[PDB]
Each structure stands twice: as C-alpha cells, then as structure tokens.
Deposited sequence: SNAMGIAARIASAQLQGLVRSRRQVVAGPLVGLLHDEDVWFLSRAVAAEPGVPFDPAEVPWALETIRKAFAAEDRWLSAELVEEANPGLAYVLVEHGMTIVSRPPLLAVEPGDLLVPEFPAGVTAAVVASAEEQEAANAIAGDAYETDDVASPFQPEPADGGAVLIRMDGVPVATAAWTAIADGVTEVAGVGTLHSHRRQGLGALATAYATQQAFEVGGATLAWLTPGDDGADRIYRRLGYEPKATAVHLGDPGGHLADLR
C-alpha cells in the first residue's frame, strides 16, 4: 500500500475519474468517457494496494462489460501488477487476454538528468493551441492512449517542443498532476530527425517542467510507444513497476498495445 506501484496506480485512477463516469464493482472500476474513442474508456483496479477476493471478479467483470455494452464500447483494462498482484490472471481466467506487460519507468526530481543540447537545438514549453497542434502532429503516428487541447496551467498538464533552427522537431507531454504524480507521454520526433537524441531531450525537458512548474514529485512513463529504442536510463529513469494491458475478445483487441 505504501509502495510506488500502488502510488502510481492510485494517481492514474485519480486522474482518469476527473473526466469519466465510474462503474465500481468490487475490485474493478469501469471508466466511461463522454466520447466513444475506444481507448478513452477502460477498466482499472478500484483499490490499488488492497487485497482482492478472486470470487468477486466474475460478477465484477460482467457488471462492467454490461455497462460498456450499453454504450457499444469494447472493454480493455490496465493494471499495475505490483499494485494488485494476481488480479490480471483472474481477469484472464474470466475471458480477457493480456496483450502486453510494458515496464513502468520512474524518476524523482533530484535524479533527473537533462542532457546537453546540440548546436541549433532549443526547447520551449507549449504556450498556444497552435503549438499544441504541432506537438500532436509530431507525436501523432505513435501509440498513445493516455495535454490536449491547450490549457495554460502546468499543474493540469502540458507539453514541450524541441526545435532545430527554430522549427519544432520533437515533443513530449505530461499529464495533469494527481498526488504529486505525472505521466510523461506523447513523446515523438519527426522521421527526418530520428536517432539524434531529440526524443530524449523532449522527454527530459517535459519531465523537468512537470517538476519545476507543474508541482510533480514523481514522473513515470512507459517506453517504446513511438517505436524508438532510446535509453531512458540516461535521464535518470529506472524500472519500478509492471503494467498489464488486457483486452476483451473481438472489438479493438488487435489495436491494443
């Protein structure tokens, strides 16, 4: 309960519920967005860090499935294994499929390292709708299910652009803070500027802003979603937990990563 995995899972829930209706059923909570975009609605653990009773899971899952079906939505679930050990396996037993177990990497302010910027390379926090549009366009083809539309309060999220000779070429974003926790996501670089360290700069600078102006005390991310094998360790990030991404049969199962 006092651990980093539970802290991250709890903060994720706290963030998600600000814009989603809850269907709480025992150890699970279904979260339904106003929009039908599939990944905006999902289930997560209702009580990170608290033991669960596996006997409740079949009824809980059917309750949530019913709520999703009423909206013609397909169910996926995201867990943190260490926050609710064994829960994913009970979900699999009752019809879900684990598609991936991505690592959750984390860093605290005193451990973050922002690399030196090469010649011509600068950074700026996103400060307009048009800069946010550029950020979304740069990151756009990357897998992203967790700063958009632009809003001015860094505690409520934000993004950064890395520029080369004044032109945006890379980006990263941070989510609204919850319990001092932010997720860094939306990392990308233009194809023309890949493999030059610019995604790592973006990640580092976004993390730094989340801490300096956003009020975050912990940042986490999951890697590889932009297809780049950059080494987040150079920035101070370290593996701290294991995410588990599950999908129901049919629907968007093939799209889940």
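Q: For this chain, which runs of the deposited sequence have no C-alpha coordinates, given in order from the N-terminus?
A: No C-alpha for residues 1-2, 149-150.
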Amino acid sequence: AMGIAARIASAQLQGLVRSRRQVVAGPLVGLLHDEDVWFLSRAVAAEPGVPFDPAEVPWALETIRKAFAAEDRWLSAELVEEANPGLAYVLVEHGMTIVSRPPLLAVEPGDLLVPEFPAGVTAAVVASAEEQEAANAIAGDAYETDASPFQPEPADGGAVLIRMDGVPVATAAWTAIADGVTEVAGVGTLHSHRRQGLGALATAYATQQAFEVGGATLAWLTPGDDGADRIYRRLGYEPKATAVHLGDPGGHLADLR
From here on, numbers count along this sequence of modelled residues.
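Q: Would you tell me which stretch averages the higher CA B-factor in the PDB entry, 226-234 or 196-204?
A: Comparing 226-234 with 196-204, the higher mean C-alpha B-factor belongs to 226-234.
Q: Between 108-116 and 124-132, which has the larger average Cα B-factor in the PDB entry?
A: Per the deposited B-factors, the answer is 108-116.
Q: What's the residue among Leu61, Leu32, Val213, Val29 with the greatest CA temperature factor in the PDB record?
A: Highest C-alpha B-factor among the listed residues goes to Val213.
Q: Compare the CA B factors listed in the entry for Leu161, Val92, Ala142, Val80 and report the winner.
A: The C-alpha B-factor peaks, among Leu161, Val92, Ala142, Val80, at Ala142.
Q: How does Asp165 rank on Cα B-factor within its chain, lowest, middle or highest third?
A: Middle third.
Q: Relative to the other modelled residues in the chain, which third contains the C-alpha temperature factor of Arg7: lowest, middle or highest?
A: Tercile = middle for this residue's CA B-factor.
Q: Considering only modelled residues of the same chain, in which third does the CA B-factor of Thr182 rank: lowest, middle or highest?
A: According to the entry, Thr182 has a C-alpha B-factor in the chain's lowest third.
Q: In terms of the CA temperature factor given in the entry, to which third of its chain does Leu246 belong: lowest, middle or highest?
A: Its C-alpha B-factor belongs to the lowest third of this chain's values.
Q: Relative to the other modelled residues of the same chain, rank the CA B-factor of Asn84 and answer lowest, middle or highest third.
A: As the PDB entry reports it, the C-alpha B-factor of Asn84 lands in the middle third of its chain.
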